[PDB]
Amino acid sequence: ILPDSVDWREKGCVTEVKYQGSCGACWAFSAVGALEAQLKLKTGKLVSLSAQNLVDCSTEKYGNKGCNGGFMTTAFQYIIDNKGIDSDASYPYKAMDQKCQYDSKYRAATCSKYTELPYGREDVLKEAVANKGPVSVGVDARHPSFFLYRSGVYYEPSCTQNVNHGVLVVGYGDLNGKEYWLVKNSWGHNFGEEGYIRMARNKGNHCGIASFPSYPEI
Ligand SMILES: C/C=C/C[C@H](C(C)=O)n1cc([C@@](C)(NC(=O)c2ccccc2)C(C)C)nn1
């Protein structure tokens, strides 16, 4: 029943690619990206949400360390606990750790729950991407080839299932006989294909893409 390919950009559910700079905030970008799609699905409005709000506010209580890393799932829980997250416009990204400056007057989204998908199951990830929306994932992005990706479907024999980088699966498909996951990164539009990378799909949980998937709901 699932479509052979999905691209949530086609449905206007994906915001512009962001640039995290020298702050290890990929986790926060991944989390807001997933929530941005849900916000569009629920309200019809596409709005960039504040990764900085997560960096500054979803901190020790959530096991997160701001520019030194965090979890997408615990970011979602912060949004639930906090009863909101501010817009990116209201609480802009500065690529540094700041005091928490959340203000409900700038709230642009809420979250009521999140779901973690079973480990390594690319079929379940496919179903979620098709039926729920973009899914936050971790990948192994440590390998020099990752940084140099320009086009095609990324396959790195040295990749592992030990994830170190938080990104957003916004689709899937097949290109020239290679199944892929369409991944939104947060290293700006210079990276890959305008900020995206197509990563090998159904190749044994390549780079751990299906290791730790999660998605929020509004
Ligand atoms: C040590 C710096 C990590 C930066 C960085 C990034 C890709 O920007 N990063 C990796 C992570 C990952 C691997 N999480 C963690 O590394 C992490 C770190 C501290 C506390 C909690 C978690 C997530 C993707 C799960 N979070 N941020």
Side-chain angles (χ1 to χ4, degrees), residues 1-9 13-14 24-38 54 62-65 69-77 80 111 113-147 149 152-187 191-193 195-217:
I1 327 190
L2 300 182
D4 288 332
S5 64
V6 168
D7 184 343
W8 281 101
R9 296 177 298 184
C13 287
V14 186
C26 58
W27 61 279
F29 286 106
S30 175
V32 298
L35 190 56
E36 287 161 1
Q38 297 303 312
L54 295 178
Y62 297 93
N64 299 329
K65 301 189 181 192
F71 298 110
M72 291 85 75
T73 50
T74 72
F76 299 141
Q77 190 63 45
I80 296 166
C111 176
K113 64 185 277 188
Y114 66 93
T115 298
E116 300 176 73
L117 297 189
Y119 179 90
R121 294 288 98 193
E122 290 187 83
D123 56 342
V124 177
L125 179 56
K126 183 188 176 183
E127 183 181 50
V129 175
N131 290 339
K132 304 292 177 180
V135 176
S136 294
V137 299
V139 296
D140 179 3
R142 292 185 301 255
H143 304 286
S145 58
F146 189 94
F147 307 98
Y149 170 85
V153 177
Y154 180 76
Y155 182 83
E156 173 48 87
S158 70
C159 237
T160 73
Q161 286 74 38
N162 304 299
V163 305
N164 79 313
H165 185 50
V167 293
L168 184 70
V169 174
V170 298
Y172 61 79
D174 64 286
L175 172 58
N176 299 320
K178 298 298 190 181
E179 293 185 309
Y180 68 84
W181 296 108
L182 182 62
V183 176
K184 189 191 194 192
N185 194 9
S186 52
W187 296 348
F191 169 76
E193 298 201 325
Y196 293 84
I197 176 169
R198 302 180 204 275
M199 299 185 62
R201 174 164 71 90
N202 298 331
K203 292 287 184 181
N205 188 20
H206 195 62
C207 300
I209 189 146
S211 290
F212 301 106
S214 58
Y215 67 89
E217 281 172 280

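Here, residue 1 is the first one in the sequence, and each next residue gets the next number.
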Query raised in the report: Between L54 and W27, does a side-chain contact (heavy atoms from CB on, under 4.5 Å) hold up when you go through it step by step?
Result: CA-CA 9 Å; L54 295 178; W27 61 279; 4.1 Å; yes
Are the side chains of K184 and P134 in touch, meaning some heavy atoms are under 4.5 Å apart?
no
Output for pair (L125 CG, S214 OG), nearest 0.5 Å, gives 10.5 Å
Note to self: Any side-chain to backbone donor/acceptor pair from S5 onto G173? Under 3.5 Å, distance only.
What the structure shows: no
Separation between CG (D4) and CD (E179), nearest 0.5 Å, reads 9.0 Å
Worksheet item: Given the rule in the side-chain contact (heavy atoms from CB on, under 4.5 Å) test, do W8 and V129 qualify, once you have shown the distances and angles that lead to the verdict?
Response: CA-CA 9 Å; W8 281 101; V129 175; 4.0 Å; yes
Notebook entry, point to check: Do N185 side-chain atoms and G195 backbone N/O form a donor-acceptor pair below 3.5 Å?
Noted result: no
Are the side chain of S30 and the backbone N or O of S136 linked by a donor-acceptor pair below 3.5 Å? no
- Message: Is there a side-chain contact between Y172 and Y180 in this structure, where contact means two heavy atoms from C-beta onward sitting under 4.5 Å apart?
- Response: no
Correct closest heavy-atom pair for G152 and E193 would be N-OE2, 4.1 Å
Item to complete: Any chance you could lay out the side-chain contact (heavy atoms from CB on, under 4.5 Å) test for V139 and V183, step after step, and finish with the verdict?
Response: CA-CA 10 Å; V139 296; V183 176; 5.6 Å; no
Applying side chain to side chain contact (heavy atoms under 4.5 Å, CB included) to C111 and not counting sequence neighbours gives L35, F76, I79, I80, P216
Minimal heavy-atom distance between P118 and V124, with the atoms involved, is CD-CG1, 3.8 Å
Value for NZ (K203) from CD1 (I209), rounded to nearest 0.5 Å, stands at 14.5 Å
Note: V135 and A128 closest approach over all heavy atoms is CG2-CB, 4.0 Å
Test of ring centre spacing under 6.0 Å for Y114 and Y215: no
Q.
Donor-acceptor pair, distance only, cut-off 3.5 Å: does the side chain of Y149 make one with the backbone of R198?
A. yes
For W187 and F147, run side-chain contact (heavy atoms from CB on, under 4.5 Å): C-alpha distance rounded to whole Å, both residues' side-chain angles, the deciding distance at 0.1 Å, then the answer.
CA-CA 10 Å; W187 296 348; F147 307 98; 3.5 Å; yes
So the side chain to side chain donor-acceptor pair (under 3.5 Å) pairs with at least one residue in residues 120-135 (sequence neighbours excluded) are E122-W181
Donor-acceptor pairs under 3.5 Å, side chain of residues 153-163 to any protein atom, not counting sequence neighbours: which ones?
{"unit_1": "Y154", "atom_1": "OH", "unit_2": "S145", "atom_2": "OG", "d": "2.6"}
{"unit_1": "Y154", "atom_1": "OH", "unit_2": "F146", "atom_2": "N", "d": "3.3"}
{"unit_1": "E156", "atom_1": "OE1", "unit_2": "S145", "atom_2": "OG", "d": "2.6"}
{"unit_1": "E156", "atom_1": "OE2", "unit_2": "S158", "atom_2": "N", "d": "2.9"}
{"unit_1": "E156", "atom_1": "OE2", "unit_2": "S158", "atom_2": "OG", "d": "2.9"}
{"unit_1": "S158", "atom_1": "OG", "unit_2": "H143", "atom_2": "ND1", "d": "3.2"}
{"unit_1": "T160", "atom_1": "OG1", "unit_2": "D140", "atom_2": "OD2", "d": "2.7"}
{"unit_1": "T160", "atom_1": "OG1", "unit_2": "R142", "atom_2": "NH2", "d": "3.0"}
{"unit_1": "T160", "atom_1": "OG1", "unit_2": "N162", "atom_2": "N", "d": "3.0"}
{"unit_1": "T160", "atom_1": "OG1", "unit_2": "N162", "atom_2": "ND2", "d": "3.3"}
{"unit_1": "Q161", "atom_1": "NE2", "unit_2": "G204", "atom_2": "O", "d": "3.3"}
{"unit_1": "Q161", "atom_1": "NE2", "unit_2": "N205", "atom_2": "O", "d": "3.0"}

So CD of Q38 and CD of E217: to nearest 0.5 Å the spacing works out to 6.0 Å
